[PDB]
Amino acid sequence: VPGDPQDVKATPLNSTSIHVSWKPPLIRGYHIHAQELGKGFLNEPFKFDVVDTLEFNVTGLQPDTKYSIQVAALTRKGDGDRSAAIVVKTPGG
């Protein structure tokens, strides 16, 4: 099974979306996982399926909101290792 995607970058495009790009693990499908950020409670994260591309615009997000972005390759047992999280805030505030 593959390791984590390499050289991940993420930057907001507008108040509702983020352009995520990466290089393959050291694979035709990936997941992008986006989690909105005193007891460690979290709302439901977003997941995006990506096929046959090494970048993707994740959309439908909340304005003025911090998101943790991770990418994973898809494998026979589920996701491979996730890239180290990138925290980015959408504009709109």
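Residue numbers run from 1 along the displayed sequence.
Chemist: Could you tell me how many residues of the deposited sequence sit unmodelled between residue 26 and residue 27 (none, 1 to 3, 4 to 9, 10 or more)?
Modeler: Count of unmodelled residues in between: 4 to 9.
Chemist: Does the entry skip any residues of the deposited sequence between residue 37 and residue 38, and if so, is it 1 to 3, 4 to 9, or 10 or more, or none at all?
Modeler: Gap size class: 1 to 3 residues without coordinates, per the record.
Chemist: Determine, for stretches 82-90 and 1-9, which one has the higher mean CA B-factor as deposited.
Modeler: Looking at the record's C-alpha B-factors, the answer is 1-9.
Chemist: Should the higher mean CA B-factor in the entry be assigned to 17-25 or to 71-79?
Modeler: Higher mean C-alpha B-factor in the PDB entry: 71-79.
Chemist: When the modelled residues of the chain are sorted by Cα temperature factor, does residue 59 land in the lowest, middle or highest third?
Modeler: According to the entry, residue 59 has a C-alpha B-factor in the chain's middle third.
Chemist: Would you mind ranking residue 46 by its C-alpha B-factor against the rest of the chain and naming the third, lowest, middle or highest?
Modeler: CA B-factor rank for residue 46: middle third.
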